[PDB]
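This document opens with one chain alone, in structure tokens, the form deposited in one PDB entry.
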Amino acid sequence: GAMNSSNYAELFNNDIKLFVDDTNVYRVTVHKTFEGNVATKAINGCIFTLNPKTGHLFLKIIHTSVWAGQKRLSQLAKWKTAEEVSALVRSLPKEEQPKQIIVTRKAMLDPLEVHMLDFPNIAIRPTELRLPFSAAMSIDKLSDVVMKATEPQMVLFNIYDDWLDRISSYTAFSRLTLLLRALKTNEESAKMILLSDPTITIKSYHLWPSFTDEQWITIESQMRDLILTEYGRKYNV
């Protein structure tokens, strides 16, 4: 069934599961031609495949060459996503394969189900949550590896850094969704909040700054303020 507010804690139990977000797979810039028509130019994309319990990120970079000579690219992108997720599952040892895959967009259900027919016991589920994973390309190190790629490539990151040494998966996922929601609503402001104090650095193998517990509380409060405001600035309240 669909994952929603009611069954949220299921994300942090011991059944392996993966979120798949396809938002950033097919990315284009729209521009004018010399004749004054409009055309698109593809840029590199990525599949965002995340284990919410462990923070394991399987970032499959989608190089623009995969679109060459193909038609109906937005449709193809869903099938390419499903092909790559299926290949990831087959590559994983049996004890590391997910029991469920939760797609962030319902249009991924049929492509993924068809590619996963060989795995009848892996549940393919939609969600009613409006998760902010599209903002993953606002994380600088993730955007950088996608843009620099010259061929298809899988890059493995922990999206929680070392947070699980001090907090539970539930709290880590809540922090991640808060950060990403902020970056989605007002990227510049969110990025200012995270970097305002230059003395708190990002470790070379981490994505986010090395905040203390107290500093994360302040940061999280700043992100919540930003989100509430923008919701005013947007709806005028």
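For the two forms, the rigid core is made up of the largest set of C-alpha atoms that agree within 1.5 Å on superposition. All residue numbers are counted from 1 along the displayed sequence.
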| property | result |
| --- | --- |
| Higher-scoring stretch by recorded Cα B factor average, 57-65 or 182-190 | 182-190 |
| Between the two ranges 220-228 and 18-26, the one averaging a larger CA B factor in the entry | 220-228 |
| Deposited CA B-factor, highest of 110, 162, 83, 128 | 128 |
| C-alpha B-factor winner, where the candidates are 51, 33, 171, 204 | 33 |
| Residue 124 - which third its CA temperature factor falls in, relative to the rest of the chain | middle |
| Relative C-alpha B-factor of residue 37, binned into the chain's lowest, middle or highest third | highest |
| Where the record places residue 45 (Cα B-factor, split into thirds across the chain) | lowest |
| Third of the chain's Cα B-factor distribution that residue 147 belongs to, per the entry | middle |
| Chain-wide C-alpha B factor ranking for residue 154, given as lowest, middle or highest third | lowest |
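Same protein, other form: the form solved in complex with a partner chain, not shown, and the subject of what follows.
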{"query": "Residue 191 within 4.5 Å of the partner chain in the bound PDB entry, heavy atoms", "finding": "yes"}
{"query": "Proximity of residue 140 to the partner chain in the bound PDB entry, heavy atoms at 4.5 Å", "finding": "yes"}
{"query": "The partner chain contact in the bound PDB entry: residue 195, any heavy atom under 4.5 Å", "finding": "yes"}
{"query": "Options 183-191, 46-54, 208-216, 165-173; stretch whose heavy atom lies within 4.5 Å of the partner chain in the bound PDB entry", "finding": "183-191"}
{"query": "Position that moves between the shown form and the other one after core superposition, taken from 201, 70, 33, 204, with Cα shift of 2 Å or more", "finding": "33"}
